[PDB]
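**Q** before the rest arrives, take these chain(s) from the complex:
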Amino acid sequence: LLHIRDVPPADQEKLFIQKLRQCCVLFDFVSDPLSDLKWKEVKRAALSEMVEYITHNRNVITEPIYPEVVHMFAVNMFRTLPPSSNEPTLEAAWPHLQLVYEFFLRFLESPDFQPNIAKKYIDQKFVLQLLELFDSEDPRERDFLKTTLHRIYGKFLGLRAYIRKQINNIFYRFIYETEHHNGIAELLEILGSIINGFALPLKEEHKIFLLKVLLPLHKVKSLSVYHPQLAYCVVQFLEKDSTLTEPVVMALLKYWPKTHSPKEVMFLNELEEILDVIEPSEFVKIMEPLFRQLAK
Amino acid sequence: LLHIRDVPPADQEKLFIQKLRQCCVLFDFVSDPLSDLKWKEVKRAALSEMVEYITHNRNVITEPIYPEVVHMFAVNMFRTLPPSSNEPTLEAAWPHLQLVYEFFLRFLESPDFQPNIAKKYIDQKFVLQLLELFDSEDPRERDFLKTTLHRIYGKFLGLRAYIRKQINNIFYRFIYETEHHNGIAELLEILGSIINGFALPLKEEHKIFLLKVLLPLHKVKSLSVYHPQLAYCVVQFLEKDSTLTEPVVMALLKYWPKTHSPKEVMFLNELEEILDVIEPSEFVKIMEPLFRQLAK
Amino acid sequence: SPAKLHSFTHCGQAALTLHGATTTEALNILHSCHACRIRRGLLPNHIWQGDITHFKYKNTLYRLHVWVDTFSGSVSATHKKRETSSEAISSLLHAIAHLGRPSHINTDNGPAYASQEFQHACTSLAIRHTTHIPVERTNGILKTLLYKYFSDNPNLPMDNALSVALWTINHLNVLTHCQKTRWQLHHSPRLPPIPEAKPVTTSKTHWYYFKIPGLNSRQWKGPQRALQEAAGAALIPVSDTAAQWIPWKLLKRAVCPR
Amino acid sequence: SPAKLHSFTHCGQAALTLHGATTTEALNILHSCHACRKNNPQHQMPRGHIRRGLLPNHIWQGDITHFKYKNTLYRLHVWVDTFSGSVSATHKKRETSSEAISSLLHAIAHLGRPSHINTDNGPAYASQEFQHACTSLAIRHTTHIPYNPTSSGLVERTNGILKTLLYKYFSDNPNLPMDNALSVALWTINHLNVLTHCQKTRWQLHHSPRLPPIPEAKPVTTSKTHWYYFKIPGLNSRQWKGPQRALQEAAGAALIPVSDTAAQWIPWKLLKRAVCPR
Amino acid sequence: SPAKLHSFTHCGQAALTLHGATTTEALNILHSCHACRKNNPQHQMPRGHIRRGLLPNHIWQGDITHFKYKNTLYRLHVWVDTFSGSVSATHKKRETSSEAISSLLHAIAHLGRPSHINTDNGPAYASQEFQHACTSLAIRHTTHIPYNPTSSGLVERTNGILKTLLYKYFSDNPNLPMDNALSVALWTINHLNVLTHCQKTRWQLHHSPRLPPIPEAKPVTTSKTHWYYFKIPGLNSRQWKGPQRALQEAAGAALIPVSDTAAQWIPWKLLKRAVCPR
Amino acid sequence: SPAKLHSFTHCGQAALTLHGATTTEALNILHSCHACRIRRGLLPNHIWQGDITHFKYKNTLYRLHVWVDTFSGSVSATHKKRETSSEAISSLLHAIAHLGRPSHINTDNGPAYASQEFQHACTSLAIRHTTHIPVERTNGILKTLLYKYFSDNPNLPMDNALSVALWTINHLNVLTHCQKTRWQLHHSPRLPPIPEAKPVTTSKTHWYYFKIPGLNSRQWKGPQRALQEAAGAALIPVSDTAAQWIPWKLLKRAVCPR
């Protein structure tokens, strides 16, 4: 077609629209490594030029632009996940997907983006489809999803408790029904970033959250991979109120494997920080049972 | 009394008034060289401080100030002239008179002086009394009178032709009735400064002036003392119109002393400049009679 | 070029994939070269671990002081000709200059790390120092890379080799689990906190009067908005077609137009 | 007449109107005289600014500096990034090409690999060893105009800052070792101090999200030339030289034939506009 | 803690708030540190202006200058009036007290008699012959601070103007004699050129109506003293000295004890404010 | 003091009357000292007259070149060791530097004043030069004053004496007819012309924003009016009580308030 910048301003936005519709055509890299190379290069160049153009000019976004880019993201990204195989496997369609992710991030974080126009274009279905992606076998995609969901949850105010309840349901399903999940560290990092922003006094829903879905996450076999994020979340949580620590102690003093195992080091390291932070302001309520069960 | 500046502003002008009335008391230096030295020093100090104060502050002059200072000048200056005696004699009352002259000059040339308030306080009698002073035997007083009358004639517009006619009468009286006059050079300098400011074409009154009162002034015995000013006036006059020179030539070619005398050098010097300026633009009308009478 | 890049640094294959090299080109170059054929911390700069090492030279010895971050694995190493508490302090400070200030430091007992000099160095920076007696993997990685670099060129001053090894293992080798370099993982910014019951707002930047470089003009032309900022410049859209980097000497702050 | 009065006395402008002349004509009379423009040291030319990167690790500036400590004359080799301002510095005993190579590799290990580096025309930065080292890493090496110490303003200002911090440190502990002081200074500058105008540390800029791409550039220059009085940058003199005509001129300098056999590059600070003789 | 962090690293202000501190407290922490004020070359003091006359022929400034012409080194003795700016200048072969006396008498014959003359502390202006000559005419002779060449700004600027005019003249006629050139320059400067801001020639000001009298003055000075870091005007150094307390201070300078045995006068350009230790 | 003033310059009595001395004190001092007991031009700088003079010294000779203004009598003299057209040109230029540019110059014929060098000097300045062959009074006055100055002190370098004589007869001796010094008469301004049928207006000066010296302030405080102006200063009434001389670096022009 044309470069998006070399046109008179009047119809300029129009051309942008066409460029988006020039990127919704699919090309499959896993079907065969060599197919439609010219069209693939055209798509890559178009995505690169659009992401370059979107971050240097103000007042380019307009009303008839939001649903089109939402649809483009939903077409390029929302898809069935590849068959599982447990160095990790890497998505073969990564160039175009990376370009789309960067485009969406730069768009959502523009200063001209209005936080009241996606309340009729980004609804609970968008959040559901974007949150079912955290089971990707590629870590770069998970990182991009984390840094996108953070911006979404920050900017919007009607999707907060919805996302929290959905995450609670995800945690329940992973802990009990199916044990095949690989995004339990990025979700935990987002959770910690959310938890640090509470006010006083703590709501009771957060206490239910801590006692029901954070602590039992210890009894899984594969806790070793995402231990740092969980420990960070716990230590960051219990600072807002120093009295609500005792349930954490008496819950950690049960899920401890009472036999010999290599998994002890995680519990010792976490207890180190929890004890460092709990010591001030007369904490001896459970020190005796803690040390008793620790001597074992 | 007090210093004029060390008082609150409200009554400040009032004190100034009193100071002026502290200077209208007369002290006579010619009566005896040593009399009322304390009061004379007080008068001198008061005049000095007032002239110092009048030239550093704006909006000090007010409506009830003009006639008082006019009266002070008329009391200190307007007086009978000392007896005549033909190095020249010097006024013995010169300190206070110099202070008064400087005060009046600084006052009249202030930027706050309004040129429409002395049309009811400075009238033809003021001009007459100030113009009868040019017969003073002291040259400093004549210089001050010249530089004061210049400012007066410049600032006022209703006293111009009056002063010109009065000067014509003075010239007639000096040339014919009485030959005792000593201010015929400062008056001529003022006249030249006035003459240089004409417009085109020349009025006929100015031609009458040139032909009747400037040219005959040559036939006096004491022309040698004020020859430069007269020659300058003539050469400055005849530049505005180059055709009105012939009467000057045929009038200068008569009053020439046809005998041998030391007075020839003045006529030769004046003819030098008149011929230098008249030569351009075909001047041979009277060249032959001029050279004929010159060969003698 | 990947060929020269490997011939200089002996980096990995997943590293060469990031550059112009592709999967099978990287696999070809890797074995065509002769000589080639848990985490305790919670945040970057939370806990370090400090070792020492004898590196054997054919006519002398080197004492390597190595600190490792126990959340990303960022290595900082220094080579000395002896080992005392003075040189332990020097190594810790040279590491702080590279990585930042640790909160908690952990090291083995010995003549150094246990005197009053080292404890007085650690107490002026608010770094708590725990001692324990019996990571060792990164030490071996660094030693093998030194061996390779000396194998290719024997006339290396031991100061170039250490810097090239640190460059390779910090900025070039890609970790296998998260596909990130140690440097990238160690210096990527954390997520900002989120105020509750308060909309997370976008930051609004300032408005400037500006002038064009190389024009000698003397008139500030219109208040605009700054898009990006750096040291000694600012990205200003002079028109609605192009944007230019204006130095700070040609910029003057203003107030919103309203 | 104005022209002969000035040709005799070289008076000013406000003098030639007081002898009969329009203001513009006196202005032309002054602007045309060559003895009055060859000798007036006042000129008016635009100001130049150094080249800066479009993103971190694009352009670096390097330098060396002396430091007198405990009767020893240390040589500090300094390398500073132009986008963010991050500094790296190592102390050596003397100046040689080997020291330059080792210092550059220290800098690369600390910051990353730069695309272009530009330093002055020293005797250890133009050597064959240094050129071979730069080509071994795919690093372009340009130089500046000889005898123009203001073309490396950033790295010289950084030398000043670094030495000031070192003096503040040595004021307290006159027995402090040198490497400890340099390391503390580097930590302070890169991590603790905040830049004046953007209000972010050098580290936060160096490790910011690179997501903003490079704005496109344009190599189009001005297509016309003029006449210039000039001074040779090495030696300063009382009066200008010339005028001559520029062969070409880019932003910040101009190409002036100093002699008839060879030309030279002169910055916009030793040039003065002249009048076209035709 | 802020105080120990600064006591270790000497970081800035925007760094101490990011570790817990009010802005004013960080400002006090910085303004109190003596190692950071002893070493920062930046200061902020008021500017001084030379003493000027209240009417023509009240205060003069005098000087000598070299001029290289035809392998000879002429000494131009220059005397400039401060009210109007009128200049007088004579060329001599060498510097001696007799030459100074003759040049001063030339100046008096050309301009008139001055009340006060102030020159630098030269070896020919402080001699007994010159003092006796000045006392023979009732002329007060004061001096300036040694090694402060900006206290005679007017006469130095006049030397510059005079030499520039001489060079413009010698550009045209390289065989022109010296006295002719000096005389033409003096005529041009005093009679033909117009001052920049008042738009009158130096001669018109020198021979204006003296009728405006002298405004009254006040010798009242400031009654309080402070503490100052200082530099000795002769020798420049990296770091300030002190602090000390001023004995007295008039507009444009201050009295600082350089040593314990003797004090000295230092201008408001080599002084930096300090904090009161009590 | 009049006593020292006469003992140094041997000025007249009407001069000493201007100073602290009075009539009878001047008459006492005048004869208590041992060694003491028409106009052709029309304006200042209209016609000059140039002479030459041999001044006899006991072991050498001096050639005095003297120009006199034929409207005030202002003397300008120079002493040389020879006499040529070069030195005539030097004398004329040294006189122009003191008095101004003459319009018409008149001098006696001779080896100088009649060559091509002097005529070429006079033609580049637009000064017409008339030659005549046969004032002499001022020459004698200057010679007698030189004699007196040498009589009091014999060790005078002839350069101080000439300058002191010129100072005396130009700035100290009072003319008898008009009670003015030669300098005062020669440099007093003429009267401005008067436009006819047009009121001669007072000149209105400009308004300035100002700052106080020695205060380091950074705020321009109110537009005022300048009373008097000089080189490198201006008289500004800071209040309605006192007025101060503000340099030009602390003044900024404004526009009338209306």
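**A** Structure received. Numbers count the residues shown, from 1 in each chain, chains lettered A, B, ... in the order given.

**Q** so where do the helices sit in the chain?
**A** With no chain named, the answer covers chain A. Counting by DSSP state H, chain A has these helices, from start to end: A:12-21, A:37-53, A:66-76, A:94-108, A:124-131, A:139-155, A:160-172, A:186-195, A:204-209, A:227-237, A:246-252, A:264-278, A:287-295.

**Q** Wait, chain C was what I had in mind.
**A** C:2-9, C:13-18, C:23-31, C:85-99, C:116-123, C:137-152, C:159-167, C:182-187.

**Q** Of all those, which one is nearest chain F?
**A** helix C:85-99 (40.5 Å; Cβ to the nearest Cβ). The C-beta positions use only the backbone N, C-alpha and C, and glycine is treated the same way.

**Q** Check which helices and strands the closest one sits against.
**A** strand C:47-56, strand C:61-69, strand C:75-80, helix C:116-123, helix D:178-187 (3 or more Cβ pairs under 8 Å, 6 or more residues apart in numbering or on different chains; DSSP states H and E).

**Q** by how many degrees do that helix and helix C:159-167 diverge?
**A** On the basis of axes from the mean of the first three to the mean of the last three Cα atoms, to 10 degrees, helix C:85-99 is oriented at 50 degrees to helix C:159-167.

**Q** sequence below should go in as DNA strand G:
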DNA sequence: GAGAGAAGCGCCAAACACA
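**A** DNA strand G now in position relative to the chains above:
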């Protein structure tokens, strides 16, 4: 009880030195 002093806080132009 209320309107004025007092302290806190940001912003800015002029200097300065590395060469």
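
**Q** any idea how far residue A:19 is from the residue in chain A that chain D sits nearest to?
**A** The nearest approach of chain A to chain D comes at residue A:52, 4.8 Å away (Cβ to the nearest Cβ). Taking Cβ to Cβ, to the nearest Å as the measure, residue A:52 falls 12 Å from residue A:19.

**Q** And for residue C:249?
**A** 39 Å.

**Q** what about the two, which has more around it?
**A** residue A:19 (19 against 11; other Cβ atoms under 10 Å in any protein chain shown).

**Q** Surely that one and residue A:1 touch.
**A** Yes: here residue A:19 reaches residue A:1: they are 7.3 Å apart, a contact under Cβ atoms under 8 Å.

**Q** Find the residues that touch each one of these two.
**A** Here residue A:19 and residue A:1 have no joint contacts, going by Cβ atoms under 8 Å, 6 or more residues apart in numbering or on different chains.

**Q** For the residue lying closest to residue A:156 once chain neighbours are set aside, give me its contacts.
**A** Closest residue to residue A:156 apart from its sequence neighbours, by Cβ to Cβ, 6 or more residues apart in numbering or on different chains: residue A:115 at 6.8 Å. The neighbourhood of residue A:115, defined by Cβ under 8 Å, 6+ apart, consists of A:155-156, C:199.

**Q** okay, DNA strand H goes in next:
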DNA sequence: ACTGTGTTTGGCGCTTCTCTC
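**A** Below is DNA strand H, added to the chains above:
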């Protein structure tokens, strides 16, 4: 390509707070 810059420092406006009639 070739090309000065970053930091310090008192003053001043502008917002918030506290001691007195």
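
**Q** again for what packs on helix C:85-99, since DNA strand H is there now?
**A** Counting contacts by 3+ Cβ pairs under 8 Å, 6+ apart, helix C:85-99 is packed against strand C:47-56, strand C:61-69, strand C:75-80, helix C:116-123, helix D:178-187.

**Q** from the chain's centre, how far out does it sit?
**A** Here the centre of helix C:85-99 is set off from its chain's centre by 15 Å, with Cα atoms, centre = their mean, to the nearest Å.

**Q** would you turn the helices and strands packed on helix C:85-99 into TSV with distance to DNA strand H?
**A** Below are the helices and strands packed on helix C:85-99 laid out as TSV (distance: least, Cβ to the nearest atom of the strand, whole Å):
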stretch	distance to DNA strand H
strand C:47-56	29
strand C:61-69	27
strand C:75-80	25
helix C:116-123	25
helix D:178-187	12
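
**Q** Could you dump those into JSON lines and include distance to residue A:227?
**A** Formatted as JSON lines, the helices and strands packed on helix C:85-99 follow (distance: least, Cβ to Cβ, whole Å):
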{"stretch": "strand C:47-56", "distance to residue A:227": "14"}
{"stretch": "strand C:61-69", "distance to residue A:227": "17"}
{"stretch": "strand C:75-80", "distance to residue A:227": "23"}
{"stretch": "helix C:116-123", "distance to residue A:227": "27"}
{"stretch": "helix D:178-187", "distance to residue A:227": "31"}
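
**Q** Out of these, which is closest to residue B:127?
**A** Set against residue B:127 and scored by Cβ to Cβ, these come closest in helix D:178-187, at 87.5 Å.

**Q** With that, I have no additional questions.
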